[PDB]
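All remarks here apply to the structure that follows.
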Amino acid sequence: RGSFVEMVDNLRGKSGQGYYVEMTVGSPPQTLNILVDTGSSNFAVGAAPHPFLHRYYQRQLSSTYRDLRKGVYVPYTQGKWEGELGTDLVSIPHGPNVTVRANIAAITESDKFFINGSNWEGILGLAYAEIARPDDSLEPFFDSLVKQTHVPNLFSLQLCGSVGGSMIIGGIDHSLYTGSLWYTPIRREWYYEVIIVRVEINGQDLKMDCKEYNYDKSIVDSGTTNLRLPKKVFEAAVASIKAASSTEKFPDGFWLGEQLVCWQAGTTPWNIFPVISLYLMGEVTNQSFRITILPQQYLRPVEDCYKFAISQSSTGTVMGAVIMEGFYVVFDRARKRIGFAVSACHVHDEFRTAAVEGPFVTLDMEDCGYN
Ligand SMILES: CN1C(=O)C[C@@](C)(c2cccc(NC(=O)c3ccc(OCC(F)(F)F)cn3)c2)N=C1N
Ligand code: NA
Ligand code: NA
């Protein structure tokens with residue numbers, strides 16, 4: 001409890017490609033790099049020699065493998081994968097010193113799924129059975145972990161945004177954050193769904209009906225890059241960001257993520273860009289708190305050229321790696337809540353730092369949840 005030195009720094013990544021943890025599958029152990037994803041619930045790994053893959057799960061080499069004689073087809077907004085289900089023994093070398101029998105989808109065919117030049121070979125879905133494929137009876141990895149061991153039912157993520165971070169499995173490490181943790185309820189256990197009750201650009205309320213902020217949900221997703229905002233909120237959001245930053249100008253396609261914008265080295269105008277604060281539902285009736293992110297988070301370097309990493313959505317708000325890089329995030333599954341604290345490692349400047357602040361008084365927070 002509170003100290004987990006062995007798990008500190010167990011995440012690696014490359015800008016834009018996601019954060020991955022080393023895992024082993026089967027006996028003898030086959031080592032793989034696995035994308036950490038709080039936005040999905042399948043443990044799926046490459047199982048065949050796709051060209052983009054450094055390595056892949058070779059089921060034939062494992063004595064502990066058990067076929068479930070069952071297929072799964074998984075389409076996404078763009079790209080898909082399909083696979084064959086089974087179970088085998090899984091470990092996390094730089095995680096808890098346990099071994100569990102987990103479901104694994106062996107990916108036999110995929111499209112627009114693996115990334116050319118990336119260093120991961122599979123994906124660890126850390127969300128709940130409700131959104132598992134093909135259905136809620138396929139038990140996600142973290143459930144199997146907690147069912148079969150003494151590992152406490154919670155994990156936490158410090159994503160530092162070439163890149164690194166920590167996934168503390170079964171606890172919290174106090175060195176990873178400064179100040180206090182503030183908790184927001186998990187509304188329903190499927191995605192890590194939360195409720196945003198208020199949005200400020202540079203301390204300026206959007207004055208939108210709060211239901212709009214959560215239309216049709218808001219979730220915390222380490223497998224998404226952007227802060228994704230519902231269409232109507234996004235319009236409001238950029239309009240207010242465009243205005244707060246009207247001190248300089250950029251093409252209209254830039255705000256739509258259809259082009260990059262570039263400045264010279266040692267000289268990006270951070271300060272003409274506003275802070276963004278999301279107030280989240282608190283643990284107590286009529287009590288909220290707010291998280292504050294910097295343009296450092298929503299203006300992401302591409303290779304000085306940057307992409308605007310706030311985008312519109314038809315699936316609701318997504319607090320991707322943009323938000324998460326500001327914070328140490330606690331997925332407290334045992335108490336159905338998400339904790340936020342200022343990350344000890346977040347990227348800032350000398351004028352502004354990311355922040356988690358409370359308590360604030362906010363009424364009718366229940367009306368902010370879409371049904
Ligand atoms: C959004 N999403 C999906 O569309 C489906 C799924 C399974 C998925 C599938 C394939 C790839 C990914 N995610 C990524 O490639 C990715 C890339 C960069 C990411 O962040 C990088 C940075 F940290 F922002 F720099 C996070 N995830 C997610 N999970 C999701 N969370
Ligand atoms: Na247990
Ligand atoms: Na601390």
Side-chain angles (χ1 to χ4, degrees), residues 39 77 184 187 191 193-221 224-261 269-282 288-300 306-327 340 352 354-358 360-371:
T77 300
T184 198
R187 192 192 182 196
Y191 305 86
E193 188 188 359
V194 298
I195 298 165
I196 300 154
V197 301
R198 181 190 183 178
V199 181
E200 282 178 357
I201 302 297
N202 220 87
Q204 300 289 286
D205 194 350
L206 293 189
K207 264 150 199 170
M208 299 201 46
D209 170 358
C210 62
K211 212 144 208 141
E212 301 282 320
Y213 304 141
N214 311 288
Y215 178 49
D216 57 300
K217 64 190 182 288
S218 303
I219 66 170
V220 188
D221 188 6
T224 292
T225 294
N226 291 344
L227 171 54
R228 305 224 290 127
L229 293 164
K231 201 204 192 313
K232 216 107 73 145
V233 177
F234 177 64
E235 293 187 326
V238 282
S240 174
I241 307 168
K242 249 185 194 134
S245 63
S246 83
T247 144
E248 287 174 45
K249 270 182 204 163
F250 327 107
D252 286 327
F254 162 74
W255 307 108
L256 292 152
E258 298 172 348
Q259 65 189 281
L260 307 190
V261 69
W270 291 121
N271 305 353
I272 69 99
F273 286 98
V275 304
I276 310 189
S277 278
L278 309 177
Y279 293 68
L280 305 173
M281 186 184 273
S288 67
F289 67 93
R290 65 164 180 241
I291 65 183
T292 305
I293 72 154
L294 312 172
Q296 275 77 358
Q297 279 86 60
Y298 66 89
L299 297 184
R300 88 155 166 80
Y306 301 78
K307 205 189 166 172
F308 191 60
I310 301 162
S311 69
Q312 57 200 299
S313 161
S314 334
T315 43
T317 299
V318 185
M319 315 190 204
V322 162
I323 306 270
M324 303 194 55
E325 282 168 7
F327 311 100
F340 288 86
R352 303 182 295 192
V356 187
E357 309 171 281
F360 300 91
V361 180
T362 310
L363 300 210
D364 300 324
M365 297 191 298
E366 300 300 10
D367 303 344
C368 306
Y370 181 82
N371 288 261

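Heavy atoms only: backbone and side chains are in, while hydrogens, waters and symmetry mates are out. We count residues from 1, following the sequence as given.
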Original post:
Of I291, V322, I241, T292, which meets side chain to side chain contact (heavy atoms under 4.5 Å, CB included) against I276?
Top reply: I241
Could you list the residues that satisfy salt bridge (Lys or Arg N to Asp or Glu O under 4.0 Å) with [X], not counting sequence neighbours?
X: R300; result: none
X: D216; result: none
X: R352; result: none

Is there side-chain contact between [X] and [Y], with at least one heavy-atom pair below 4.5 Å?
X: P274; Y: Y298; answer: yes
X: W270; Y: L299; answer: yes
X: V199; Y: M208; answer: no

Quick check: does any side chain N or O of [X] sit under 3.5 Å from a backbone N or O of [Y], one acting as donor and the other as acceptor?
X: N202; Y: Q204; result: no
X: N214; Y: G369; result: no
X: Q297; Y: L294; result: yes
X: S240; Y: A237; result: no

Subject >> With sequence neighbours excluded, residues passing ring-ring contact (aromatic ring centres under 6.0 Å, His included) with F273 >> reply: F250
**OP:** Taking ring-ring contact (aromatic ring centres under 6.0 Å, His included) as the test, write out the residues that go with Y279, two or more places apart.
**Re:** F360
Subject >> Atom NZ of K232: over 12 foreign heavy atoms under 6.0 Å >> reply: no
Subject >> More than 12 heavy atoms of other groups within 6.0 Å of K217 NZ >> reply: yes
Quick one: [atom1] on [X] to [atom2] on [Y], what's the gap to the nearest 0.5 Å?
X: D209; Y: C368; atom1: CG; atom2: SG; result: 7.5 Å
X: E325; Y: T225; atom1: CD; atom2: OG1; result: 8.5 Å
X: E366; Y: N371; atom1: CD; atom2: CG; result: 10.0 Å
X: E212; Y: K231; atom1: CD; atom2: NZ; result: 12.5 Å
X: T184; Y: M365; atom1: OG1; atom2: CE; result: 8.5 Å
X: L278; Y: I323; atom1: CG; atom2: CD1; result: 4.5 Å

Quick check: closest heavy atoms across [X] and [Y], and the distance to 0.1 Å?
X: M281; Y: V197; value: N-CG1, 4.0 Å
X: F308; Y: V238; value: CE2-CG1, 3.6 Å
X: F340; Y: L280; value: CE1-CD1, 3.6 Å
X: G358; Y: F289; value: CA-CB, 4.2 Å
X: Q259; Y: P251; value: OE1-CG, 3.2 Å
X: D221; Y: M324; value: C-SD, 4.1 Å

Subject >> Full working for salt bridge (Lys or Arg N to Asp or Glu O under 4.0 Å) between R198 and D205 >> reply: CA-CA 7 Å; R198 181 190 183 178; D205 194 350; 3.7 Å; yes
Got a list of side-chain donor-acceptor pairs under 3.5 Å for residues 309-320, not counting sequence neighbours?
from, atom 1, to, atom 2, distance (Å)
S311, OG, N226, ND2, 3.1
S313, OG, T315, N, 2.8
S313, OG, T315, OG1, 3.2
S313, OG, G316, N, 3.0
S313, OG, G316, O, 2.8
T315, OG1, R228, NH2, 3.1
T317, OG1, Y213, O, 2.6

